[PDB]
Each structure stands twice: as C-alpha cells, then as structure tokens.
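Step one of this worksheet: look at the structure below.
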Amino acid sequence: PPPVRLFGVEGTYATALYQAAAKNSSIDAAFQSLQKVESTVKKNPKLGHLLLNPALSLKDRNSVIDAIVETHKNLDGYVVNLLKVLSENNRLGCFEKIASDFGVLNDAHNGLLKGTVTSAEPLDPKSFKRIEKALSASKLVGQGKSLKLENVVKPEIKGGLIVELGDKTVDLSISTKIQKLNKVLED
Amino acid sequence: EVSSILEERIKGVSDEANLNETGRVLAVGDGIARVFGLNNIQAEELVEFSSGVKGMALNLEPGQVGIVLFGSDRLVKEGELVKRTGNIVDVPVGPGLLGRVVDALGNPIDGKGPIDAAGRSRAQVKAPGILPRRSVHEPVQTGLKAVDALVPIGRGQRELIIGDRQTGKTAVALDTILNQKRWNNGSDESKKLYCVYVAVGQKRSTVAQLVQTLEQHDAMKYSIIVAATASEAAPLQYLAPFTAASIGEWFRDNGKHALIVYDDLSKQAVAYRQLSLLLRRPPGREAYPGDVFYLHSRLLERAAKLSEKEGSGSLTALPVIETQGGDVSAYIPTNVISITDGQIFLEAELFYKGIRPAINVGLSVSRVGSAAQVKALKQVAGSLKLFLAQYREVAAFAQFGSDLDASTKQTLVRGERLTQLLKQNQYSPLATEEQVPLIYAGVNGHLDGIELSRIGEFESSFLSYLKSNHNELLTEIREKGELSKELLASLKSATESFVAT
Amino acid sequence: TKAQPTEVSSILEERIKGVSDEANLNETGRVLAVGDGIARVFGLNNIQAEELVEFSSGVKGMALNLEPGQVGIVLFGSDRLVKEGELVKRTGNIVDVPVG
Amino acid sequence: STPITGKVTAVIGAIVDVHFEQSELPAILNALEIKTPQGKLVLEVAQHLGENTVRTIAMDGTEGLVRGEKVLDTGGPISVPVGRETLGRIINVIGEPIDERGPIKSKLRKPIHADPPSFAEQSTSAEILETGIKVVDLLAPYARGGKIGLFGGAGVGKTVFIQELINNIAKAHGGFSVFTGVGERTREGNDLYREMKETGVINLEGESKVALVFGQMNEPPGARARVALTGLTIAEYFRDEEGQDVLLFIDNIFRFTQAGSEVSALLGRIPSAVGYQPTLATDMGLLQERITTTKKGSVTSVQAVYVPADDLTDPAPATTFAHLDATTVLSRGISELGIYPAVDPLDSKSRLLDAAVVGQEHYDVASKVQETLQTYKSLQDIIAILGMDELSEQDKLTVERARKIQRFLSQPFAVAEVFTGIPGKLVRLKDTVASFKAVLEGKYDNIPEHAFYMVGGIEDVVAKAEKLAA
Amino acid sequence: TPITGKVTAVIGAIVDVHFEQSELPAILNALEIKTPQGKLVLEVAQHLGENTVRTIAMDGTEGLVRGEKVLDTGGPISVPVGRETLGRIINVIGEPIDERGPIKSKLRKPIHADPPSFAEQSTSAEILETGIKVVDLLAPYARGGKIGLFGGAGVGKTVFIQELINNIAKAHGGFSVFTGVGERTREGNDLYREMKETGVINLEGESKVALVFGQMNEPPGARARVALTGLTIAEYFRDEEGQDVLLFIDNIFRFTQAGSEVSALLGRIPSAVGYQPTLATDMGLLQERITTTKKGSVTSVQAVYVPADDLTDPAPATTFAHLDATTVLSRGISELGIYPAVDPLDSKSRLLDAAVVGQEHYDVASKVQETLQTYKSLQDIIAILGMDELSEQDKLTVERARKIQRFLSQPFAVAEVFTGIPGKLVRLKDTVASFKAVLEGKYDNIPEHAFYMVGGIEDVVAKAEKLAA
Amino acid sequence: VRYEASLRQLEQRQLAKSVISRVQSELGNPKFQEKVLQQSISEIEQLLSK
C-alpha cells in the first residue's frame, strides 16, 4: 500500500512508481538510477533543460527517450517504463518533479525526516547538536525515522527561535511573544 | 489605577507550551487561504494564522485545507505558519452581553469594557426537537395596532418582516423593541423579553444612529446588539447570525423569554454567496450556493417555545428580508417564506399613500398563532379583518368609473376610517389596553360618520378622554385581558359619549 | 495536467510494472469509475458507436461517448450492484429490437 | 466484521469522500457508519470516483469531522426497522426513536431502497373515497388506494388541509397510516404530535393506527432526501408484507425535490433547468412508481406538493403534476376570497371524475357546476368595465348562482375551529350531489349568497338563511 | 536585498511576477517595474505561493516583455498630502496631471487604510440647504451626511453635481475634495476651468478645494484605485488637518464597474449580471472609510451611474445600503422635461422627519407625497379613458398634482447656460412657504405652463402676469 | 463620570504608546542575542518534557 499519498498529481506518478518498485523491492536501486539519469539530464544543459519542455512529436519524444537510455545502461525497468509513460503523456517537465517526489517517497521508506529550526540569525553548532539530540530524545523523532535540522535565516520572526518538525512546532520567537504582549495590552 | 490595570494585563501574559499542528500558507488572497498541513483538524475549527488573523476552516481537502480568514489579507503573507486554535467556533455567552454592543467575535465595539460571560457556546447548534416544545400560549404584542390585531405575534414563532429596503425597514422592528420596554419596566422574568438586535451588513453610521436611538429612548439596558458592519469580512458576516443565535440560546436555556431580530437576513445570504464563490463551491441559483436554504433553515429553527419541562424558554425570532425590486420570487425570499411561520409584507406604495405603518395587510398573514394575541383584542378585531377585507373588495370595484350604490359606500366609508385609525408615527408604540378602545369604536362604526380629516384628532382626544374618566376601565383591560359584559357596556357607553365631543 | 487513465493509480502501477493491454482493451473493458450511471470504462477499443455492452453486473448500456481515454457507457439499470473494475463484455450488437 | 475501513479525505459540506483501502471497496448505495461523539454519522455511498475513493453524502451535520477518520461499512442501503412495532412512534431519518420510545423494530429491518413494482405487478383500481369535504366530493372525488395530490403553494394552510383529511379519513379508515414529514417545522411537528395524540390515532396506551416519521428542515439536505425513502419503506412493509390497506400521507415533496436539487450541485452534477437536478425526472419517478396499489395492499397515498410562488410552469411542480393520479390545486385567490377549502375548482382535475366511475348523475351535476363557475369567471371582465347593462338577465342569474355556489363550496373544517371557530361538516357525498343539484335548478335562489357561505349542506344553508333573516 | 522578479505572465492588466529570492511579498504591496516609458506601478493583489504574485497594474501593460525585471517598492501606493494637494489635480500615484510641478508634501500616506472604529463614530444632522426646491422639500441633506444620487445615463449626472458644488461648497468654508472617477476628460477640463474662474481653485492664492481626477480613458485598474487615493486625501483633511471636509465622488458606479472588469482576470467566478463576487466587501471598505467621526465631519456626495437604467442591478443595490439620503433621478422624469429629473416618489432621507425639519415641513411633505402618489395611480385610467372621465374630486387632485409636477422644475445656474433660462436659487424658508401655498390651493388658479420651469411661488405669480400678456 | 471615564481611556492609550516605545528599546539590545540563549535552553526543557 502507498507510503502515504504525496500530492494528487505528479505524486500520483511517483506513488505508482514507488509502490510498483516497492513490490519489486528495488527502490534504492531505482532511486539511485533515477538520480543518475536526472544528473545526466541536468548535465545535458542545452536540450536537457531545453527539451524538458514539449515542442516536438510523440515519435521524436520517444527518440529523445531512446537517447536518454543510451546515455547509461541500467535504469531499472520500472523507471524505463516510467520514461515511456512520460513520453506518452508528453510531459518531461514534471520529470524532475517526479524525481523529487520519488525522493520524498524514498526517504520516507528510509524514514529520514527533514526539520528546521527557523531563526532570524545563524545559530550556534552547540544549539544544532543539542536540539538534534533533544528531538531524538523525544518521541518527536520516531527512531527508525531519522532527522535533518536546518536553520534558515528569516528576519520575519524577529529574533528568538522556532523549532519545527513533523506537525509539531514550538514557537518561542520574540516577534510572536511580542504579538501576544502587544495584543493583550491593546486591551 | 490605569497603571494597575495595565500591570494586570501584562501580568496576564505568561508562558506557553508546544503547539500542535502547523501548516504553511501557499496560495492565499481574497480572504481565503489554503494551507498545506493540518492533518489533524476538526471541521469548522478556528485556526490562528501567524499574521494574527484567526480563520474558520470550511474546506478540508486531501490537498490544501481552506481556511477562511476573519482578518485582512494584508496581514497574511506566503508560507506563514498557522497553528490550530483547537476550538470549533465558539462565542462567549452570558448576562453581561445585556447592555452591550458586541462584534461577531463578541468583543465590545462600543467598548464598555470586556464582556461578563457566564459560558462559551458553539456557533452551530442544532434546533430543539419535537420533544422539547410547548405550543405558543404567551403573546408578545409589538404595540403597533395593525400588527397586534392583524398579524398577532407570539413568543417562539418566527415571523418574517419582508419588504423594500430601508423604507424604515429597521424602524418597524425597532418599534417592537420599544414596546418591549413596557414589560421590561415591569416584573416577572417570563413576562419579560430580553431583546437581541442583530445588524448584519449595515453601515457603521446607521448602526451608530441605531444604538444612539436605543439609548435615546432609554431602551438600552436590556438589549444585546450584535453587529457586523458593512466593511467587516464576508466570513464574519456569514458567521454573524449563528453567533447571535448562541447568545440567544443562553436566554433560551435559562428559561428566559427573549426575541431576536435578524436584520437583514438577506445580507447573510450575500455573505454566504461570497464565501462559497471564493471557496469555489459550484454556485447555486442566482449564484447563491444551494445550501443557502439549509443555512437559513437551520438558523431559524433554533428559536422556539420550549416544553414546560424544558422551562418554556421562548426565543422568538423576527427575520427581516430586504426585497430587491419588491419581487419575492427571488430565490432567497422564496426560501425564507417557506421557513418562516408568518409573513409581514410591507409595501412601498402604501408608504407613499401615507399609510405609515405601510404594512400591506392583504399580503400579511400569521399562519399560526391566535392565542398569540389578547382575548379582548381578538374579540374586537374579529370583524376588523372582515371589514377591511370588504373595504379592499369594494375599493377595487370602485375603480374604472363604476357608480357605487349606497350600500357599497357604507362599507367604503367605514373602511376609510379604519385605515386612518391604523396609522402610527415612527417610534410611537402604544399600550394594548388603549388599543382595544380604538378598535371598538371603529368596528362599532362610531367613527364612520366622523370626518376623515379629524380622525387623528379623535384618536388623540379619545385616548385623553379615556385617560380622564375611564381610567378604571383601562386598568380592568390590563387586569383581565378579555372584555367582560361590564367592560363591553362601559366601553360602548364611553365611545358613544365621545362621538360628539 | 491532462486526465487520462494514466492518472488512475491501479492502471498506472500496472503500466509501470510492464503490464498493459492484450485483450483487456479489445472488447473486454474494465470500469474505472462508475458514478451517476455513467460508467467510464478503459478498454473496448473494438467498440462500435452506441453499441450495446453487457457488464458483469449484467447491466446493459450504450456508448454514446467514445471519449479518447474512456468509453462513457450509460447504464440501463441501477448502480446498486455496479462497482469499480467491472469486466465489461461488448455485446457487439448495435441497438436493435425484434420486429415482426 | 469486515475490515472495510476508509479514511475521510475531504469534508466539503455534506459531500464527504472516503478513501477505503485497496480490495474492500464498498458498493454504490451502501451505508457507511462512522463512530463519532454524535453517535454514528451515516454516509450513503453515491459514487465511485475510482482509486479506492468513493464520494458519499452525509446524513448528519459534518461539522467537527476529522480529515482521515476511519469509516466502517455496514453495507447496502440503510436498513430501517419495520413491523407493527413501528406503529406509533417518531422515527428519525436513520430510524432512531426521536420520542424516546426505546428499541424500534419488530423482528425485521428493511433497506431504504426498494424497486418500483413491475408492469405485471400493477393492478388497476377505480374505487371511491369520500372525504366529506364538499368541493372534493363533488368536483374531484378521490378513490381508495389512490395517489391523491395536494398541489398548492406556500402557506395555503397546507398542513391544515391534510389535518382535516387525517381527522376524518384516518380515524375512519381501518388501514394503518404513516404520516411522514419531509422538511417541515418542529413547530408544526410538536403540534402534529400533540394533535394526533389528541385525536387518539396515536393512542399512547394501545396500538396507534398511524406511525410518524418526522424529518425536519433542520436536518441536512442529504438527510432530507432519505427521509422520504425511509417512510416509503415503512409503507411498503405494510402494503406488501402486512398486506394491509395503507393510507399514507407524506409532506412536502417539494422539500424532497429541493433537497435533491441541492445535493446535485454538491455531487458535481452540472445544474439543469431552473437549477434543478438533471436527474429530476427519474428521481421523482423512482419515488412515485414505488407507491402503487398492486396485487398486494392498497396504498392510499396523499402527497403534499408546494408550488414555489404559485408558479406551476416551474419544472418542479409541473413534473410532479403528471405523476399523481388525482390533482387538486389550492389557490391563494380562493383563500383570499375567504373560502377555506382554498380549492380552485376549475383548476382541480381528477381522472376519477367520469360519467361511469361516479356515474352520469354525479358527473352531470358537476359538469353544470363547472360550466357555471367558468361562465362567472369569463364574465368577471365584462362586469368590471361594462357592468350590469349589456349583460343578459339570464347571465346575471347565472352570476348570482355562481356567487352562491362559490360560497356553497365554503364550508368550515373541524380542524379550523382553531383557525376559524365554526365546526366542519362531513357532508355525505350523495347528499352533496343532491344539494348542489338543487342549487343549479335554482330551488334555493331565495337564499342569501352569504347564507351559503361557510356552512355545511342544504339543511345548514337554509338554517343560516333563517339565521341571517333574523 | 532587492526583491527582483521577472514577469511570468501578462494576462491583460493582471501581470504576474515571479519573485526570485524567498523574501516574501505582501498583499497590497506596490511594485515598480522600470520601463523605458518611465516606471509602471503594479500592486500585489494575490499570492499564488511559491514566490509568484499576481498583481493589478495601474497604468497600461503594453510593451511588457515576459521576463521583465521588477523591484518591490513595498507597501501600498503612497500619495502625497499637505495643503499643497489643494489647488492641484493629481494622478493616482500623486503626480500633478495639471502639471503644476512638484507637490511639496509633509506626509505621504498609504492608499489603503482601515475604516475608523465603531467607537469613533459620531452622528449629527445639521440640515444643509441646497437652494434647490425639490431637494429641500423632499429630502434635505445634512452635515456629515452621505448623500446619494442615482442618475441615469448621461442625464447630466455631472450637471446636477455641478450645481451642488456651485451652491454648497461655496457656502462651505472648510476643505473639500473633488474626486471624479472615470469621467469624460473634456467635462473635467471645463470643471477645472470653472473652479479656477470661480476662485474655489485660486492658483495664486490657496484653494479650499483639492481635486483628484480620473479620466474615463484611464485603464480599468487605475480607476479602481482612484477612489482609494482620493479617500486618503479626504482622511488627511478629516484627521490631520482636522477641518470639516466635503467630498464629491462621481461615479461610484465606476468603482464597482472597474472591479467587475478586473475580477474575472484576477481569477474569480463572477456573480450574477457578471458582477464581482467581492462586490460587497469592496463597496463596504470604500463606504466605511467615508464617515463623520470625532476627528472630523465629512459630508460626502456619491453619484451612481445606473447601468442600463436598472436600479435593481446589484451594483445600485449595494449603494442603497450605505447612504443617508438618496435622490434617484430617472430618465422618464427627464423625458417629461422636468429639470431636475429627481423622481419625487423615489427620494428618501433619514433627514426628513418632523423632529428634524419640523412638523410643518413634515406635514407639507406628507401632502406632496399623497398627491403625487394619487397622480401616479391614476396614470392608467388617464390613458385608457379621457381625463374628463376621471372622478371630479380626483380631477381636482390631478390638476393640483399636474401643477405640483410643473412647479418642481426650478432653473439651475449651471444649467442656466445650457437651458438658456436664468437660474433660480430659492431659499429653504421660501420653499416651505411656496409649496404650502400650493397645498392650500392659493395660486392654484393659474396655468400649468406658468408653474413650469420657474423659481419661487412669487415668481409663479409674476410669471402669470407675463403669461397673461 | 463621562469625562472621567474618557480620561481613563485616554491615559491608557497614551501609556500604551509608551509600551510601544519600551518594545523598541528592548529590541535594540544584545538581549536580542542573550534571550535567544534563554529560548534555546527553554526549548531544551520543553522538548525533553515531551
């Protein structure tokens, strides 16, 4: 069964690819090869960026696919069928979209989570580590489900910090506390 | 003083804990946001946008949960986080809302200091069943003679005020509120009505004048004024009748009897129209979403006369529907007509004709209730209706150059006087005890002879005369509420005495 | 983007699995979704327009729309026992009634 | 139980879509129950949209639902309780005792859906039903096992008309009755519950000769649609399985039409003419066809219809106009004339009026009446401008007779002793034919016009003539 | 750092920009795209997310190359205000369109602002005399009020207003704002000249009027935010200068109409008769930011160009909600030749009351309404049969009403040029007397022709002598 | 009473704008830095309590 539905469109494509290759039990290989073909698509810069946008036939599109699978042997067989589908649907524009989505599904299979501790300033490494530790200590990180912690700088939340991951947040920024303080003193 | 209060307010801010659920705004604008996340989420929940905006949630989609803002767009921005309030929409409800103007949320917009609320309630509450009801046995008389006699209003009952916009449309309702001062001044809780005037879609200036008028007639001291001014959000406007309703339910629950004016209910429909069209629901007839009927029906059926077991607490309703073009064939008026228990059509032509009230009695009915009026007044106005109906028929016949016979002109002459008798100036409620005499005189044709011009003079003077001599008689009408033989005779003699002089 | 039964995940997963066609879309059909008495069938490539088709629910239908990705059958009976993935045999006979 | 579990995917009003898991997909027209602190929310499966997602319609308010909420499937169309243990209690949309009569059901339940009996099943009828209401008896006689149809507009005292029928006909009839209210007020509800307790039809001691199924307008549009089906199945159980004569009463079928129109839009069906559902004809048809007197019991249905703003050209009344056997129009004008019954005589047509069915005499009397009334209406314009001048003396006598007849049709209702005060008259059908015959002959042209007004039979008319004479 | 973007789309005058950096836009911000035609000002109106705004563009969008550099100027468009607004006619941005060079300013204020609070409201009703008999008689205006006109298609919608400007605003000393949304340019130049001539604009001196003028040529989007610009100028006078203002708006139908144009392009499923589904909110915001508060009493005058001459259309309908007086003027009464063309049974004011203009005025008005209502009632009979076939008692009423109808036409001073008939400004005190006399039938004894197009009752008498010759 | 009450409100909004001034005073400081350390340890206390 799906590793929890991602989007409705394009991630239905990813979901299908995923569940089909999950039952083939060859997801890491598929993902890696998809990364590799994605890399050689990107590293074909003219007409591997500028022929992601349709402008040519079904038959000509198919021959672009054929050149792509000529570029490296092996690409699973499920992602070789995925290329067929995309050629038939004449949409390579959402190819890297599917790649990213398949990546999300893949790293969901890994259980590798991504988080963020948004601040309005670059944060200490001690804070990064202590929070990563804290998050692992808590059941917020599943354990078997990994974590990345990304500080981003956003002046938006003036000072403070907000820890974010999953659908669980704790927001102890200064801007938000000020918002409530101001508001309560607007009474 | 002010320092101590401020110190209390700051002191009342302190600490917090981990906020469950988040989601990031994406597309947003119009007043309708769509956020990604919020996997757990109750429907109709209130969700706090990090901008400061609070928004109810009307669409839960397997994509992007659609949270309708109750605040300005400008505050909101892309990728903001929203953290769920965790409460389905709810209102503070209490006694303190008496003597308060409050906005939809329930904050005083007259700023007479924060409300004293005895509870909170939920904005969507389903109508009381068949089981908790009693049949309407308690009149509520508006003090407008045409209304009391012709379209009797009883507690519980939903009675629809319908007619062309702001042709004193508000004023008809305000008169009712003013006559409910008479009971208010009095005693016995169940013989008192508290009054909730709900103002949706009206300009701040009209509303401000209205609250001023209520303070002027010193009828502000038992009113709740729920307001959603014209500027205010279409979502807040949609929510506004339903949050008024809950405040009313607090009375209903208390066993208290009260009356809720939903003016204009028509503006709720406009609000729901907007709301739906920016939630991109398929638009119904005339672009009002089809479940507008459902919306209005669920709202209106919450007012009821409860069972004796359930404390009798009668919330009474008066919807007010603006009739654009005066054609009720429009989808929203048609819908409302079915829902309501009576219709009180007002006609513009009759306003111009100088019948003020301008209520067209041919189109006005109270389809249920007749123990919704005073027994005395029922007896006297027994043939008031018949005479008026005959007057209407005869007058119709008279048109197009038909030379009337004397018998028809007896009716016509009698009929004309009744019409003059009905008229009442805006903001001039009357006491029912002194409306019974006036109708007695008219129906017993004592005014038929009296010259058309000086009918108003007769009315004024007659009342003065009854105040002078037969003030004993008036006291009895108040006390017994059905005319006895003695009263009928006394009244007959008195009326006869005043025909000349 | 375009709506085609390549969107339909069960169809799509099979296509990815290198399983397709082959007397599934001959005359042979399979319901994708049935709502409103308007079954939308993937297959029936041999269908003649407005032709009578017999479901495995047994309901008979006609095919007014030969949409480029589905054949929009109109069911002549209730949806009570009609549900997704129904095999749809193609009766192969244009609307005809006994005459005599 | 089968693990047919779906997680809600979209709460968008009444429409709630569910995502059942692979290989366990429900069937269209199944019934889903979702455990909630609101008891069990019932969702009726109404479409498959493929990909293991159904789009279902709610039977209860969709506020406070959770996106992803586990949904058990009880399968097939909602199964109500049936019996003679359904006699005398208020049964809600999903069947629950909304009068706290505790467990309802005899030994059986039945589905809300049922198929309409086939052509072969149909068995012709042509009986007679005397209502005592003079206008009905003379100018449009009903027939037992019929499909009587009370077309009228808003607030034609629609309930009041029906109440008179219940007061007389129901108590009189041995058959069970079912009073089903689709989208009617709880004000009306409390009155009806009380009133029929009083008339004893609902005997709170012994068995009630009537059942109640009150569906009210406060119930969601989805629930409003399936109030009708529930009531219908109770009637079917009586009709078929108990074999009994029934005397069904349903209210108001515009609410059924309207309800279907509303959820049509929500179901995503592109609106048809005057915003009604494109499935209008067939949805009506399924209800109407289901109700019929076959080889099994005789359902004597009286079906209320609300004609929005008295516009009969509107498709919703007009479509219903065909489907009912014995149409009656209760017009505003006639109400305004003060005539209660408000029946508009020239606009009330019945297939049961014939010179064979009720015989030549009945027919002939009524034919003369119809012509007389039509003459009065045609002449009204002449009277308006020309007046009594170049209008015949003979015509004037006919006009005078029509005014007498118009008010001879006026006779009070017993259930309008509270909506009037004069007690109604159940005047025997044969007696009415005779009494009206007398009028036409002009045998009572010495009787005041107002001495025909709001009184019973000829004996009463004479008595009121004397009363007025004094 | 510069919130640069490229123009992803140019779908009509609803350009969409795609901001590169993840620095956020904000709704109702303003953006400057520098063009070789000078800058173009756009206003962020939707966020479509993923750093793609969709922006209303005030001025024309011709020439734009898809992928055009943007810079975000931040926040709504900022007008320039001061006493220097007075005696200047300004573009939406605020640049002098009368080319009177740089407008020195103290405060530059955002076009958008929030409606003042319910608490701040203050209500009053000081009877303003217009010197127009029909206005005074039927529905007198009052200070701080919101006055309303529902003039038909080119019924001299502007002309009615011009007479009012000529009378009331020269009798007002405080500040006054003229805002003309999508008005015909040539008429605007005439107005500008007339104001300069009548010294209300004195370019050498100071002007007690300021003006914002929006040509009917101008692109729809500009016209949409012309109102908000003017509304700010009014707020500056109301608030910051404190002085009692006046405001004239013509046509607020253009405000609605413009909105209807943009909405579809914006991405909205439109409501009936094509009207924007945001009609109620937009109208609401505009009309609640115009109000008499403790800060200042702003008498406002709003003109509605009734579209297709149907007043049941949703745009007129929502206007009726937000006014304290209305004086619907209709094409039919214009066709009858009655100038002014105000419908006498379709005028109302909350300022007509027996406790306002006194019992005598109210009584006078009652009779006027009754007579006219009768007169309208007998229009059928009058046509079908002869007027002699009318009942004799009624025939007197009809004759009186026929006179009343003619009497109500009063020559106007700005119309005096066009009609050729010298204008008449009749005192309010005079008006009550004049109609009172007619109601007592005193001067009902002389022709309808005498009553037609003349001033006071005395003038009718003199005109009877003239007519007699 | 009316003017007295008005004065209490007027005083409150005047002293309110002084709170805004104090907010501007707080946000300049490298308390802007030092309280972030406080938030850091506070979140450590919070999430460990989870």
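The chain as shown is numbered from 1 upward.
The way this entry was determined, per its header, is electron microscopy, 4.5 Å.
Each residue, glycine too, has its Cβ placed from N, Cα and C.
Taken from Swiss-Prot, the feature phosphothreonine covers D:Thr74 (among others). According to DSSP, D:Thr74 (phosphothreonine) sits in a coil region rather than a helix or strand.
DSSP assigns D:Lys158 (ATP binding site) to a helix in the three-state reduction. Its own atom aside, the Cβ of D:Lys158 (ATP binding site) has 23 Cβ atoms within 10 angstroms in the protein chains shown. The ATP binding site annotation in Swiss-Prot covers D:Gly152, D:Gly153, D:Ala154, D:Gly155, D:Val156, D:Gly157, D:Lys158, D:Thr159 and rests on similarity to another entry.
Taken from Swiss-Prot, the feature phosphothreonine applies to D:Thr199 (among others). For D:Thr199 (phosphothreonine), the count of additional Cβ atoms within 10 Å of its Cβ stands at 16 [all protein chains shown].
Taking Cβ-Cβ distances under 8 Å and a sequence gap of 6 or more within the same chain, the neighbours of D:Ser335 (phosphoserine) are D:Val156, D:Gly157, D:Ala342. A helical conformation is recorded for D:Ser335 (phosphoserine) in the three-state DSSP classification. Taken from Swiss-Prot, the feature phosphoserine covers D:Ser335, and the record attributes it to a large-scale study or a structure entry.
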Sorted by sequence, non-D:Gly152, D:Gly153, D:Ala154, D:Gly155, D:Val156, D:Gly157, D:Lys158, D:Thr159 residues with Cβ within 8 Å of centre, ATP: D:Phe161, D:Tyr306, D:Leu330
Sites among the recorded positions D:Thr74, D:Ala154, D:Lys158 close to chain B [C-beta, under 8 Å]: D:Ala154
D:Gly153 (ATP binding site) and D:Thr199 (phosphothreonine), distance between Cα atoms, whole Å: 27
Which of D:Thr74, D:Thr159, all recorded positions, has a Cβ with the fewest other Cβ atoms inside 10 Å: D:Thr74
Cα proximity to D:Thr74 (phosphothreonine), best match among binding-site residues D:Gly152, D:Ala154, D:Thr159: D:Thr159
D:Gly153 (ATP binding site) - helix vs strand vs coil (DSSP): coil
Intrachain C-beta neighbours of D:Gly152 (ATP binding site), sequence separation six or more, cut-off 8 angstroms: D:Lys158, D:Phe161, D:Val305, D:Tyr306, D:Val307, D:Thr328, D:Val329, D:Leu330, D:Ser331, D:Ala342
Fewest other Cβ within 10 angstroms of its own Cβ, chosen from the binding-site residues D:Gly153, D:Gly155: D:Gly155
Cβ-based isolation winner (fewest other Cβ atoms within 10 Å) among the binding-site residues D:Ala154, D:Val156: D:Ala154
